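Given as structure tokens, the chain that follows is alone and in the form deposited in one PDB entry.
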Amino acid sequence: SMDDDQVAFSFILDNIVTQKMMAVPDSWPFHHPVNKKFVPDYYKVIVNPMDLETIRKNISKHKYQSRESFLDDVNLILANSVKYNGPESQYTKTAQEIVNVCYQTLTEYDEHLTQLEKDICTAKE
């Protein structure tokens, strides 16, 4: 957490969110938790809400020690959209672009994230 490997790892994840996932066109509705004022039934239907701001807060708190836990929350954003909006909703297509560019960027950074993950895991000993 305070160690530089965790901080460097969190920094890379935050940059994927801000530079790539939040840059997806029309992605604003995913940037923050759903507003109940405009979507009144949302929290009755979706039991485990997730959004990009919540992911960034988790990164800031160093919640993620590897990409598997990060991806679990990223994929939950899409899972909720399929359930709430439907599999062919414009909003679900946006969520899929967000998820897709996240995976693509992780791949571009693989060798580097792999090293940080290994060292973070090593230090947990």
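Shifts are known only where both forms have a C-alpha. Rigid core (definition): largest C-alpha set, two forms, superposition within 1.5 Å. The numbering used is simple: start at 1 and walk along the sequence shown.
Below, we turn to the form deposited with a small molecule bound, even though it does not appear here.
So in the deposited bound form, are 103, 109 and 116 all sitting within 4.5 Å of the small molecule, heavy atoms only?
Heavy-atom distance to the small molecule in the deposited bound form: none of the three under 4.5 Å.
With the partner left out of view, is residue 64 within 4.5 angstroms of the small molecule in the deposited bound form by any non-hydrogen atom?
Contact with the small molecule, no.
May I ask you to state whether residue 34 is within 4.5 Å of the small molecule in the deposited bound form, using heavy atom distances?
Although the small molecule is absent here, residue 34 would touch it in the deposited bound form, with heavy atoms inside 4.5 Å.
Is there a heavy atom of residue 79 no more than 4.5 Å from a heavy atom of the small molecule in the deposited bound form?
Contact with the small molecule, no.
Mark residue 85 yes when one of its heavy atoms lies within 4.5 Å of a heavy atom of the small molecule in the deposited bound form, and no otherwise.
Result yes; residue 85 sits at the interface with the small molecule in the deposited bound form.
For a shift of 2 angstroms or more at every C-alpha, which runs of three or more consecutive residues qualify between this form and the one not shown, with the core superposed?
Residues 36-38 form the sole shifted run.
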